[PDB]
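Working notes for the structure below.
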Amino acid sequence: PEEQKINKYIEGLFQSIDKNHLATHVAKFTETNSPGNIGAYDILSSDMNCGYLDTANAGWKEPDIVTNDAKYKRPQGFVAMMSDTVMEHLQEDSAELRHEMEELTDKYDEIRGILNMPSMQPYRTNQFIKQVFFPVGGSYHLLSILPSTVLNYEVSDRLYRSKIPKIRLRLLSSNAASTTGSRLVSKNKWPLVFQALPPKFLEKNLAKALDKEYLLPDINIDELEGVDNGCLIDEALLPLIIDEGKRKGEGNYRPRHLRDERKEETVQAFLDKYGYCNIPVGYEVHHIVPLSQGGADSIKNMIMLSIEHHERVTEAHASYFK
Amino acid sequence: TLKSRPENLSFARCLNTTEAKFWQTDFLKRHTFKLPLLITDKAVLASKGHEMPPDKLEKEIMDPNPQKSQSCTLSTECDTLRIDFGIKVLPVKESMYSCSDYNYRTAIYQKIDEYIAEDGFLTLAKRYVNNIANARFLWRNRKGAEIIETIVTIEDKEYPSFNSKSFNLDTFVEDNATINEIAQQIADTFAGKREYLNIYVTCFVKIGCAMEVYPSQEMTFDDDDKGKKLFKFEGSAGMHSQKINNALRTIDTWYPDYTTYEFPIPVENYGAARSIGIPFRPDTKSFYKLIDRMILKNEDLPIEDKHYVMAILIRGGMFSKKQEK
Amino acid sequence: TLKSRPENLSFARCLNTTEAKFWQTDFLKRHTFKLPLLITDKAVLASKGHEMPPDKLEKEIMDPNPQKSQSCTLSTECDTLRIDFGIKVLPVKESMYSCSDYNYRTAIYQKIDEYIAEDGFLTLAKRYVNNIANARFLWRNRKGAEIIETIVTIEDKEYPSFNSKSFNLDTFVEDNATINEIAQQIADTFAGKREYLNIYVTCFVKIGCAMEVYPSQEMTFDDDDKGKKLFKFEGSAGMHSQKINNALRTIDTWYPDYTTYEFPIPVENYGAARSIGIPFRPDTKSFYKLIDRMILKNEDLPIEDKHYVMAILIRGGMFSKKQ
Amino acid sequence: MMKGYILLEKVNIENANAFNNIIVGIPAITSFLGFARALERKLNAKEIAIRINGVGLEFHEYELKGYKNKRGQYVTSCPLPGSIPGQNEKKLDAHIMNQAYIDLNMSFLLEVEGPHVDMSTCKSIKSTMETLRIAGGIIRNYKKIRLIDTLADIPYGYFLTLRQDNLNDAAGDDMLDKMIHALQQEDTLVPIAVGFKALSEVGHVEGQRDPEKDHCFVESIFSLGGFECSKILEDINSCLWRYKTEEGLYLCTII
DNA sequence: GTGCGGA
DNA sequence: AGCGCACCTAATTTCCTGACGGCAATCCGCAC
């Protein structure tokens, strides 16, 4: 009906001012599947010369009200609604309230419940609160972490009018925020937080991604006739070697901090594949693609050339690669 | 002597997969040559073609619908796609990170050791190497492919290659020599005889010249810009680790009613697959009931149920008693 | 008994089309010679010639109007445009990305199998190859052409060429041998007798020397400048994949009021043509009402209506119900 | 020997946690020292006696999971939730909580003191760094594990140091105003988490991870920090983090 | 299996 | 080797488009 609905509201408000507690730290803000009402209310002092920020060295102005279920949430709506907050009225009654209060319920004495509300207390732990070990003096202590709601509200308001880096997290829904049971999370469900990243020249891109990869030639030395065991006998195949190196190495110049080192295990491996235990006379190992124009240190980028043939390649490139 | 599951029990993963990166190559020069693949932006003009109530349909049937998107395609000179990822295999009895009660630790260690005695993790490992050989980690990239080859490297030994189009995606093979040789090493790592194994997988998919590649799509919530956002790993396209792992755990063929639906499903607690919207293992053959019949009321279960329970322990998760206040 | 469509249903595309790249050639030496085509930047001074309220017109009628734009033109030594693109064809029954009820999947598979039994996807495929033969994928580039030639290549076989200025755009031919031999392979890929088919298409358009070429234009969404921006594919001019594919789905001639307007329309859910400003399938012959009259309440529909439903399942989309 | 220094060079971590209730970015320092203490505990069960009493954190490259908008801001991403234990566990769609993930390349400097500090110790570390994680993230590859002697063998990078003087000495009524003003004056500083404070008293509750130890409910504490290159660093002791425990306070400090 | 309660 | 200038300065005006539209689905624990 109408003028008959107001009965249900003030019926429900007085039936649920016993399940609404006072808190600064709530447990369901980490995971909303944690059973019960676990949390803490920190009412201690401020040092202000200590080197660290906590919930007791910042100026937080509004406490928080917490319930277990979204059903028992009408006191939080009640304390937040006048013509000229309801909280400030019930601290110092101005009748402005008392006049309007007593003419619909005849029970404002009971409701004025919202004043000496009990504090939230930590009594147990579950699998949904983060528990870690910390070394204390030869043994360990088990620590269960409860996040701060009052500090999250305070940071998000003070970052809204500032120009330091910030990130907005958009991950909670309306129905998920209600299930937490806290007033300050149902109003701020998408908070603003600090951005704490390393300097901006140390971020990954594709230029840093391709400077850690190395090129290989496209010629199996074991199928190009003119090469025996691993050494070039012909003299005509030389132009093909000089060209391959040029093609694959044209502009990929690299500085020293970016070139694969010349290991000793690799020049041994090559030796084995074809027999020799030591490098035969007049022959010198050579990379088909140079190791300063970007190349690999592998068995698939190595050829043994005669001592004069190595002199031709080591200078013809030098002109083309300046 | 044991009345319930402990108050904090947690298992970690034993098959840890890293992210994947895409490259473009050519098939006749695929052992020597690779180029980067990049994600481009694309905007479209569309029509309003979704189901609407009859009042709105008479007012918005012929309105324009601009939207934002992103895409990835191969070049006009390359015809293949190269994907590289890696797996790390760790033992099962050392993947328990928390257990409040000591007697439950003793009982579960005994049960894993009896499962090492009979079928020492060899069936499941063969199924995992089958899902590496079938190339099921190519979700929409396996459709329309001329040649698919997969190469598996363990340590410094490169094994002979696979022809992934010669395998069916519903039947598990137990006769290939290469699959058995890899599966023995993965089984011995699972059993505790070895302490770690590192696997490196390379796949080559021949699609066509300028055809479309399908990367992994991100979950981002921004109110201003709603569009398709694709995964960039170090500037290049790739796939998430979760998709590759979900491809690898599709080994379950022991659910209650398999003779009608004859396909393998992923290994979950209540048999929940994101394709069919009815759970396949709803009550009697769930994980919790079988694990509270294997440890708490000592019983010998059939070997298929033991296979399912050990598969859940290789997948990992938070497995504890219902939480009271 | 199946009441309602499943909560998650989505079909994937069975006719994928790549992007297009533009080249410039000469007609007599076209099998041996090709050069790139690039987009330039052109800025213009204009006059204020838009319609204005009477007060503002007395203050802004003789003011300059600088604007930015872009443009593409051929060279002074070339006379022809070459466009290259490719098509991949995939089977229809293996193109359902999501379905959350196993009975609806069985029903869809049975209806597609009956359709394969009657007509093996041959009429629709003949229409798709006629749009390749008509050169309807050259929107403003077909006006003012001397010779248009289109070549189709599957695997390593080049089929005999097409004269695209001899095909009418409102009439579908069913007696050409080349169209039939390509259409049989597309039909066999659509039925399931072959797993994939890759088709590559090259077209030559003679338009003259130094004339204008019209590429595709990019969409701008406010937060960006409102100047004209044209599509660059690998440094050269090109067309979008979505624009080519619309020209190939203009195969619908089965709408309710066709006997008055006798032109083919593109295939959409509510039959919305943008050229003529009328929706042609708003109620009883839409996709949503026809798919709920074939599967949920078994009822044999005419063969014209089936042709439309199977054409929607080659395009794709999200067809999901809420409850 | 007895004292010594070991370098873990160029370690790649994928998917580490990057959310500490007011900060999205670099993980908290307690995880980076937790990696070292876990390495000590696994090395002391293989009977290689060693004790790590200091960690240095050098940063070479980073990437945050998400993208950057046109306006220059960061939008983060999350994986799709699966099945979470609780009441609504047999449902197909789960709920989305608050999370963030980062990728890092880093190098660690460890101060070890034991009965023998040789290359066999480095091999023992190499056979143990393939089973652990760093900050909830997997290790993909590393370059080398080697012993260093001086400040010329350390590779090029940027270390993270504590700057608490620039916080305690700034203008404001409370500490959060001090942090905001100190970040507006110097634009090379970052906010970091440095440990925990106490909200209760030590005792035994019901529902613990290990039921035979001592418990205390805690809250995280935050501070300031900044970056300094390797070649501009004075000593090898002005970049080493350590554990310190007062009564009610669990900290990590460079001092 | 139901409806609830708020931003 | 060992160097690689001193002086001054970089114009003014009139403007910078009109239209339409920017998806459907899903992400809630808990008393009773």
Side-chain angles (χ1 to χ4, degrees), chain A residues 197-199 201-216 248-249 251-255 257-260 289 292-296, chain B residues 18-26 30 32-42 69-78 80-86 141 202-203 210 212-218 220 228-241, chain C residues 19 232-235, chain D residues 10 12-15 59-69 72 74-77 101-106 140-141 143 156-157:
Chain A
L197 289 181
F201 39 88
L202 299 172
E203 177 186 329
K204 307 187 167 176
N205 35 300
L206 191 59
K208 309 175 127 143
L210 302 179
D211 289 0
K212 308 176 182 179
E213 311 166 0
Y214 301 112
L215 317 175
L216 277 73
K248 311 277 290 295
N252 289 337
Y253 169 82
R254 289 197 182 181
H257 39 274
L258 259 56
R259 323 178 184 184
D260 199 348
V289 52
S292 61
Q293 288 284 349
Chain B
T18 66
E19 295 148 340
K21 181 176 289 191
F22 293 165
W23 301 89
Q24 49 184 356
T25 68
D26 180 21
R30 62 189 191 266
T32 59
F33 177 43
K34 64 183 172 173
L35 282 159
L37 206 55
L38 293 159
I39 277 143
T40 68
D41 311 2
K42 158 184 300 303
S69 299
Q70 276 181 334
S71 180
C72 188
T73 61
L74 291 182
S75 70
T76 326
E77 309 183 11
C78 297
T80 48
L81 183 89
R82 170 171 180 171
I83 317 176
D84 283 4
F85 64 99
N141 296 318
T202 297
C203 192
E212 199 179 359
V213 174
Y214 303 95
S216 189
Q217 183 179 353
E218 290 172 359
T220 57
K228 183 158 64 153
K229 288 286 181 343
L230 275 185
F231 196 42
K232 293 176 61 272
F233 185 27
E234 293 159 339
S236 64
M239 274 186 39
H240 290 139
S241 60
Chain C
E19 304 284 346
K232 295 159 65 302
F233 186 48
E234 295 215 307
Chain D
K10 316 246 172 143
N12 278 343
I13 320 150
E14 284 189 10
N15 291 352
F59 296 74
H60 312 66
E61 74 209 343
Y62 79 90
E63 201 189 1
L64 198 63
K65 294 318 200 33
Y67 64 90
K68 196 149 37 45
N69 64 16
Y74 273 92
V75 177
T76 56
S77 62
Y101 305 93
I102 198 169
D103 289 345
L104 306 152
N105 193 289
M106 277 189 314
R140 184 170 58 177
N141 55 3
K143 239 183 73 153
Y156 181 59

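All values below come from the heavy atoms of this structure, side chains included, with hydrogens, waters and symmetry mates left out. To find a chain, count down the sequence lines: A is the first, B the second, and so on, and within it residues start at 1.
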Revision key, fill the gap. With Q70(B) as partner, the option from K232(B), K229(B), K42(B) fulfilling side chain to side chain contact (heavy atoms under 4.5 Å, CB included) is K229(B)
Exercise for review: Write down the atom of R254(A), the atom of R259(A), and the distance for their closest heavy-atom approach.
Suggested key: O-NH2, 3.1 Å
Point to revise | Shortest non-hydrogen contact between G235(B) and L38(B), atoms and distance | key: O-CD2, 3.3 Å
Study note, to complete from the structure: Heavy-atom nearest pair, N12(D) first then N141(D), reads ND2-OD1, 2.8 Å
Exercise for review: Grab the two heavy atoms, one from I83(B) and one from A20(B), that are nearest each other, plus how far apart they are.
Suggested key: CG2-CB, 3.8 Å
Practice item. Take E203(A) and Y62(D), measure what side chain to side chain contact (heavy atoms under 4.5 Å, CB included) needs, and give me the verdict at the end. Key: CA-CA 5 Å; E203(A) 177 186 329; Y62(D) 79 90; 4.0 Å; yes
Review point. Do you see a donor-acceptor pair shorter than 3.5 Å between the side chains of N105(D) and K204(A)?
Key: no
Practice item. Could you tell me whether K65(D) sits above the aromatic face of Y101(D), with NZ or CZ closer than 6.0 angstrom to the six-membered ring centre and within 45 degrees of the axis? Key: no
Check your understanding: Is the backbone N or O of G86(B) less than 3.5 Å from a side-chain atom of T18(B), with the two atoms forming a donor-acceptor pair by type?
Key -> yes
Point to revise | No-hydrogen, no-angle side-chain donor-acceptor test under 3.5 Å, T76(B) and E234(C) | key: yes
**Study point:** Heavy-atom closest pair, residues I39(B) and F231(B)
**Key:** CD1-O, 3.3 Å
Review point. Between CD of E63(D) and CG of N205(A), what distance do you get to the nearest 0.5 Å?
Key: 9.5 Å
**Study point:** Spacing of CZ belonging to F233(B) relative to CD belonging to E19(B), to within rounding of 0.5 Å
**Key:** 4.5 Å
Exercise for review: For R30(B) and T25(B), indicate whether the former's side chain and the latter's backbone hold a donor-acceptor pair under 3.5 Å.
Suggested key: no
Review point. Is there a donor-acceptor pair under 3.5 Å between the side chain of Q24(B) and the backbone N or O of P36(B)?
Key: yes
Review point. Judged by atom type as modelled, is there a donor-acceptor pair below 3.5 Å linking the side chain of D103(D) to the main-chain atoms of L64(D)?
Key: no
Revision key, fill the gap. CD of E213(A) to CG of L215(A), rounded to nearest 0.5 Å, is 9.5 Å
Practice item. Of all the heavy-atom pairs spanning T76(D) and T220(B), show the shortest one and how long it is. Key: O-CG2, 3.8 Å
